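In what follows, chains carry the letters A, B, and so on, assigned in the order in which the sequence lines appear, proteins first and then strands, with residues in each chain numbered from 1.
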Amino acid sequence: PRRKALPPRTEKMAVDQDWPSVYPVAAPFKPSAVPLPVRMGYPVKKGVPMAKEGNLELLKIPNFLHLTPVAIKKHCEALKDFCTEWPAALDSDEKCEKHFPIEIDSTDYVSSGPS
Amino acid sequence: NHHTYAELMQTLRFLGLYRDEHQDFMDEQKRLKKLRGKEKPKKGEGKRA
Amino acid sequence: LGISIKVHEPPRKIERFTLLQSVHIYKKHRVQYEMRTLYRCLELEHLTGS
Amino acid sequence: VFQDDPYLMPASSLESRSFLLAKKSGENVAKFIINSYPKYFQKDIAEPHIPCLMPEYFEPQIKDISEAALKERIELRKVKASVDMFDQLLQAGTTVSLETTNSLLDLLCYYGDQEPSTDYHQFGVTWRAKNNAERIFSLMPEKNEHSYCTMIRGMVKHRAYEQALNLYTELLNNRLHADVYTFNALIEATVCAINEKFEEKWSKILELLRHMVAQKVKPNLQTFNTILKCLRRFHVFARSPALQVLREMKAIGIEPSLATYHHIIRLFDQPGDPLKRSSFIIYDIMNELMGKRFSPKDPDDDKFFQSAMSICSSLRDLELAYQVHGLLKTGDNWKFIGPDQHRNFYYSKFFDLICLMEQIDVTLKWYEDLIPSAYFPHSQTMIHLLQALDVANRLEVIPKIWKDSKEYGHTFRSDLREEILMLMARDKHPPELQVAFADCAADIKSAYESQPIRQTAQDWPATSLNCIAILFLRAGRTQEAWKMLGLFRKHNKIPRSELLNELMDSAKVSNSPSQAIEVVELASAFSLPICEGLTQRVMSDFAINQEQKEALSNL
Amino acid sequence: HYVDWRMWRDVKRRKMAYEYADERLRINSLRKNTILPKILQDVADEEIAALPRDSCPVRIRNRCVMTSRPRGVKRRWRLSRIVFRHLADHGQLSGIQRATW
Amino acid sequence: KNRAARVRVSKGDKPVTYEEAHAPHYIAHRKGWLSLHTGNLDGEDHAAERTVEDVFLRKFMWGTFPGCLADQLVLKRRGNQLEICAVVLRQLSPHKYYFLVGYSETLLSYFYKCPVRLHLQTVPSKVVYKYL
Amino acid sequence: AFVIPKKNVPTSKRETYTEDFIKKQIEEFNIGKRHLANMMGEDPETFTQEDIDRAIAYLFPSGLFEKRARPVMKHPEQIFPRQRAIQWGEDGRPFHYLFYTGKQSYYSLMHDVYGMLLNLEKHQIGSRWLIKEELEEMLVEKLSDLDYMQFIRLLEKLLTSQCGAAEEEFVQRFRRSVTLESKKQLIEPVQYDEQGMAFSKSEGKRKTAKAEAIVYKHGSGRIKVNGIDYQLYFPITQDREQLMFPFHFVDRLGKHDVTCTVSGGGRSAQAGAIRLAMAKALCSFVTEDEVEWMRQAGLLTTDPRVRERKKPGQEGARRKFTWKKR
Amino acid sequence: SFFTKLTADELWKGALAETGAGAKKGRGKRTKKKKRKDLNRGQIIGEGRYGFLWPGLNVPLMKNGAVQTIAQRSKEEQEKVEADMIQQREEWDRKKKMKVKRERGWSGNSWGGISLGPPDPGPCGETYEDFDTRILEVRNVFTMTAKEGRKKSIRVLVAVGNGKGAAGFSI
RNA sequence: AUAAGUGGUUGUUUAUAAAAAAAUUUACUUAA
RNA sequence: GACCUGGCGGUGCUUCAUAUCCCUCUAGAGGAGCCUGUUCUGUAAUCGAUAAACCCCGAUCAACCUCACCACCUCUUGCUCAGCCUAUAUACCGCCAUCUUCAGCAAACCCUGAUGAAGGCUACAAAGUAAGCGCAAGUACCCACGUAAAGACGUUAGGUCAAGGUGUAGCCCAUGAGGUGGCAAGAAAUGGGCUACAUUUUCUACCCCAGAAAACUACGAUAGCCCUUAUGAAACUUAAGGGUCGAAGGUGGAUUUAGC
Ligand SMILES: C[NH+](C)c1cc(NC(=O)CNC(C)(C)C)c(O)c2c1C[C@H]1C[C@H]3[C@H]([NH+](C)C)C(O)=C(C(N)=O)C(=O)[C@@]3(O)C(O)=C1C2=O
Ligand SMILES: [K+]
Ligand SMILES: [Mg+2]
Ligand SMILES: [Mg+2]
Ligand SMILES: [Mg+2]
Ligand SMILES: [Mg+2]
Ligand SMILES: [Mg+2]
Ligand SMILES: [Mg+2]
Ligand SMILES: [Mg+2]
Ligand SMILES: [Mg+2]
Ligand SMILES: [Mg+2]
Ligand SMILES: [Mg+2]
Ligand SMILES: [Mg+2]
Ligand SMILES: [Mg+2]
Ligand SMILES: [Mg+2]
Ligand SMILES: [Mg+2]
Ligand SMILES: [Mg+2]
Ligand SMILES: [Mg+2]
Ligand SMILES: [Mg+2]
Ligand SMILES: [Mg+2]
Ligand SMILES: [Mg+2]
């Protein structure tokens, strides 16, 4: 015979699951793993936007499914541990430049590529 | 580096791991011309001296 | 994370340039292209290195 | 590690294994090409530089005869190049450093003068008496302690115990102390060499310990683990000595690793009914190890959990299994569960025990968590989940269990495709369940029809056939149920008494005398002893006189 | 395996020009001032005029890297207008669209 | 008449994909970019080197998965990473797909000196937007 | 027998959305609606459509200039085209007595409205006749423009004659509503400075020039453009005549003080931006009738005439290169 | 250059020259017509010139329950594989040079008398397998158009009949 | 109700075809 | 002989014509010098475009390079599992011109014509229903406006084998590859542009309330000579500046372009 594809696992997903476990990091939109009936595509006349499956328009979006509000709050809790506290004495900019007269500026440039 | 892009993709074809539709096309045409007798003459040992 | 943050949109940049539309002649016919660069500045304030 | 497509998702444990080998196979072909054509991959674009995405060079690039050039062949583990260069270098008469010679020996001994195979260009004794390693030692003018030690260790791996012991004698003749590793290798040699009883081996062991103490050699974890590893042959006489060893390490300060307990639990778990002695020890071990983060220290640390779980399941200790599993899930301990074999074994046993000894609701919770997230079931572990559902009198789930059975590659498994029917047909049920099981029934019917085993031999368990028929009747597909009758005669599979008995009701519900006659006429042809009893009921219930004589005349 | 012999002649020019750049720089510096004696600058003139002609950087031509075209190349992508458009028109250049205003 | 990247009308019988069905004047309007990196942004560098890499990969993938691709690649870049999002068909053995994923990823990571991933999305048949 | 190649005439899959198909879509939307609220950490029971749109916009961000090309997750009834229900049963008899006209809905309506007019004989702003595209959706029948026009004629003929409450509510089914925008100038708040002086401030824009004016309720006629007297900032008279224009028109030369700032453009576009900014700020201190007259004098409109781009292959915005016949 | 190589679709479209001004108005009068060959037809993924055997692609992944390693066919063995490939191509081409015997009607080159088989089955299961269909006349008729010019249509006359009294004809 | 001459040559419908590649061992360590 | 469809008519009528007809409005081109194409002449010395729809066109660009040209001197499995800017754009893909400052092209049916090529219109309706593709809608830019963009099927074997690729034919000690040097001029004739001929001007100051100039260095060259500088290895040539020099020109014949 010819290997048949299993059904999408969105059906086995609980309407109350924790979504952050499904997409922990940035990953490309997978129709079989996202339980949303989302459609995209300029519709033909008397037609509907195209279904998620095989929809190359949805695969061209840089999606934010790995950064839901839930996920962010959870993430930032685990990261409060890493950050230290601003000197409460340095309330205003007046106080900043009283105690620290020099300011050093520098820029970092984030860009995609091998180098 | 055009020497690297052609030489890599040439071995990948000789290794069986890359299909070169263009080189397949040109091989077919070359094969047919040979049948018609329109084959490249041997260098030096040509019709002329 | 308890950081003070303000956001504004710096105005966009649209870089356009023109090319010939045909391979050989027809100088009066061009294709024009652009690249939009959109911006958002996150102004964070009073942070420690960590 | 798998691709997340409905069509590339593995759908069985075989695929789970096969798909990862295919991905790894393609990586070898890449790495084979990358290393065979380095020039196509020698253009570094990365900043910062990535050393690991560069090609590798395995051939020694210095052909001059010098001490430095020797190191390359040794570092490059090129046994043939080193010996050939060594021969020429020796003929030149130049001096070879003791350290350089020692390193050359390690490579030759470690691999037994057998070149490690890479990319492209078992039963029996692999060691050969006329091997170059032996010759090199003779040529070696000076032989230090490492020379003797390294040679013995390799002999152990190649089963050359007898001469290794003889070589150990020469070391003693030179009044040279051996290292910890030499002793650890020797311990296995003495025990594996001869098949003497424990007491004889025990005495020999104590002799070496006295040598170890006399030589002021401080033992390692491996030192003791080797003992426990060898003591598995004396599967009952080494039990008490083992407890001495365990307590001794704790005294010295060496904390037992997972490999230690692995040897222990294997040793104490022998074929026996009570196994209460073992039982106690297992329990104590787990109590000792509760909430203990482990680090890899012994090569056998990975085999613990599979053994632990096996015993837990053999003793049927659900509360102990939760402690074993509870330990695996602490910190980074899950990394010790070992290869795929170990992992299936663990989860297969662990879950069998759950289905048997746990509440059904909690079994379904563990069913959803473990499968296929962590474990691709075997055909059997579906049966156990079926049985556990029966014991819990939860047959509303059997339909779901059938779907999953197909989705894990158990559509054709004979054993499984029967139990489901039996349980679904054993009893009558409310209309809903009856209908529900009838839909599942037709689904399994398709499987029996399109059996791939049919190419070999089509099997049709009459019991399975019965269950189907019953369920089709309870739904109303009498016509389809009647088609089964043809199949019985076709496959020459006599129906079950219960199927024949229930066939009477089918005619009564339909109130179609014509069909009722057909059932009896066919059953009578087979002269089944149960059929005769049915004929008496039919003749009393409904039977035309003219039709009776026609049946008799055939006899 | 370059697109043609005109590209191949530019590949070599770019490579030779790179080899001699430090020498050419040093010699120019001598002859690009009023400080040094003219008898010395005149020697420098001779010296740099004797370096191979294909090390002279003005002889480099920015050809389409795909088709070798010597004119009509956008320098940010090193492609001719014909080749640039073909990728731009299929959607294959990140962030580049048709301009309308 | 304009020709660039237009599929002509034909006779109502030509299957075309959403991608193919849209002309270049729809590239920021009704459809997106098949590649996404930072080279072509104002102030950014290396647009040329990104472009040569993208022309090779599309060619590389087309011949490496012969007859399998059901649409165009989506090329993504995030920092050091490269993502190749193919939509393939369901005719090749999943064993062969896994071989090719492992092969292509490995070979491309050593060629372009970066982590390269390849996300397949199988479809039964080529998704038809319109019958031109 | 010559076998002619069988043409795949029905290549184009025609839109066929069975009622069962829709219900399976509404099911998936409800299930998906709950997953969406779960991801967003919101209450599945109060997740409105506007929460679906906000969430989908964030999770699948697209800049595509057309909204119909962006990702969407809507109720299947707002997405799929409404379709006519099966018009005959299993026996094959159509359910409507006007089936065979092809337009049972349109001619049913026409039959009804005609009767309503017939019975009447036996008895004796802000709203718009729905457009055709609307009636076709109300009737689900592709309709001709001449059909529509004939239909509307009956309706209007119905309005003319006396109608009861029952008839009027019928007509209203086809009379839509038109919100009417007011062309009435919005008046700027009167504010007060530290010294308690009343002023209003407004903005004006002319070409690339932008002006901000503060008009004081009381003053002498002092305009100070960018800190300079108006006569010195605008040495050109035409420029000064433009600043006079707002105040002269309402008879208020010499009654107000103005502080403006302008930037961009050239001198005369600056004069016209300041004119507009001053006129708008001045609306707070005149009557509503005077504001309307100022609107009808063209003093309160932004001038939209701005420089047009040059086109390629031309000399200018409109100017062409010389055309050479031969 | 690797980057100047195009796809088979682009290559055949240019080489075949199905479109162009030649096709229009019968300007091109070269009867000889090439046909597109799918050069991917007999191609196996993983099969190359050097004869390497890739486990999991070109050869089976597992042998005797063990994972195979990279292997390469012998030179003598590879010759057979390449020689066999040539044979299949030739025989595949052989099938397409065989001329089919078209049963002739009133004349060798005439459409009259040729049979078109039974009428196509109706929409609602209506069937016409009783009826035969013979062509009576094929004629290229022309009209003139403002844009193109000589526009060809085909007028065809057929007759249908079951041989039991029922018959008809249509254009 | 003015007057408006000319344009070498040449040119069209001969008949249909198709592929697949693929599936034996479903869980240890161990010993003689 | 008689038709059908189209074209065309110095064909009728009726409407129209939008910087899309005429009368109208504004600024120009055709005369001068200059700049830059083309042709023609020349040269040993490239190719392409060449009514509209070629003529500052391929070129968002040639001192060498670029380069394809000419002369001379070299090389021969040759950067390439060769190469060819050799022929054929009338074999083609690719990308376009043109009507188009269009609204039409239409598969599938049904009907009409005695079942001919063909044809299919009436709303108080009389045989057409039509999916698709254009137009439209939508979107870009500062709006519902405008400008872009879009703009089918076809027409002109229209342009482009010299962007690249390529069918067919040809070259393979050469029609290929490389080095050195060189041409790329003007009797002229014409296309497009720039600057002028001045008083609504010229020069300074200022960038809008000034002073001067104004037919002998008035107005008027961005042209010639001289010098310097910039870039470059190379500049009598390319560009910038300065000086010198004050030419033709005194609002341009037939005709002709653009703009709401
Ligand atoms: C000899 N004539 C009949 C001809 C022949 C060919 N080519 C061949 O016959 C080639 N034969 C080979 C293949 C070499 C054996 C031809 O290729 C051509 C033409 C005609 C020209 C005419 C061109 C003309 N102008 C530019 C000189 C023109 O203006 C038009 C026009 N329509 O206005 C053209 O059609 C023209 O440009 C053109 O295309 C021609 C040819 O194509
Ligand atoms: K050619
Ligand atoms: Mg155009
Ligand atoms: Mg202008
Ligand atoms: Mg004459
Ligand atoms: Mg004529
Ligand atoms: Mg006519
Ligand atoms: Mg002029
Ligand atoms: Mg002139
Ligand atoms: Mg020329
Ligand atoms: Mg020419
Ligand atoms: Mg030509
Ligand atoms: Mg012409
Ligand atoms: Mg040549
Ligand atoms: Mg042409
Ligand atoms: Mg063409
Ligand atoms: Mg000709
Ligand atoms: Mg508009
Ligand atoms: Mg336009
Ligand atoms: Mg439009
Ligand atoms: Mg031509």
For each of [options], tally heavy-atom pairs with chain A at distances under 4.5 Å, and name the one with the top tally.
{"options": "F:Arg77, F:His22, F:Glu53", "value": "F:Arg77"}
{"options": "F:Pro94, F:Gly39, F:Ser35, F:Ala21", "value": "F:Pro94"}
{"options": "F:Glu19, F:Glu44, F:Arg50, F:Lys130", "value": "F:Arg50"}
{"options": "F:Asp71, F:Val87, F:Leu75, F:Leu82", "value": "F:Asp71"}

Query - Where F:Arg117 and A:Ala26 come nearest, the two heavy atoms and their spacing - result: NH2-O, 4.2 Å
**Report entry** Contact summary for A:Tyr42 and F:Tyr129, nearest pair of heavy atoms
**Finding:** O-OH, 2.6 Å
Does any non-hydrogen side-chain atom of [Y] lie less than 4.5 Å from one of [X]?
{"X": "F:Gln121", "Y": "A:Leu59", "answer": "yes"}
{"X": "F:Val127", "Y": "A:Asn55", "answer": "no"}
{"X": "F:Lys31", "Y": "A:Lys60", "answer": "yes"}
{"X": "F:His37", "Y": "A:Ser112", "answer": "yes"}
{"X": "A:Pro62", "Y": "F:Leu36", "answer": "yes"}

Query - Approximate separation, where rounding is to 0.5 Å, of A:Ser115 OG and F:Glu49 CD - result: 9.5 Å
Requested in this report: First locate atom CG of F:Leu92, then atom CZ of A:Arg3, and finally report the distance between them rounded to the nearest 0.5 Å.
Outcome: 12.0 Å
Contacting region of [X] [heavy-atom separation from chain A under 4.5 Å]:
{"X": "F:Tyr18", "answer": "side chain"}
{"X": "F:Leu34", "answer": "both"}
{"X": "F:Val128", "answer": "backbone"}
{"X": "F:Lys76", "answer": "side chain"}
{"X": "F:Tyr26", "answer": "neither"}
{"X": "F:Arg30", "answer": "both"}

Query raised in the report: Given that the side chain runs from C-beta out, which part of A:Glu53 has a heavy atom under 4.5 Å from chain F: side chain, backbone, both or neither?
Result: backbone
**Report entry** chain F contact via A:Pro49 - side chain, backbone, both or neither, heavy atoms under 4.5 Å
**Finding:** neither
[X] atom [atom1], neighbour heavy-atom count above 12 within 6.0 Å:
{"X": "A:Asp81", "atom1": "CG", "answer": "yes"}
{"X": "A:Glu11", "atom1": "CD", "answer": "yes"}
{"X": "A:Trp86", "atom1": "CH2", "answer": "yes"}

Query raised in the report: Can you tell which of A:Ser32, A:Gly54, A:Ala51 has the highest number of heavy-atom pairs within less than 4.5 Å of chain F?
Result: A:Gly54
Query - F:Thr38 vs A:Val110, side chain to side chain contact (heavy atoms under 4.5 Å, CB included): CA-CA, chis, key distance, verdict - result: CA-CA 9 Å; F:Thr38 61; A:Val110 186; over 6 Å; no
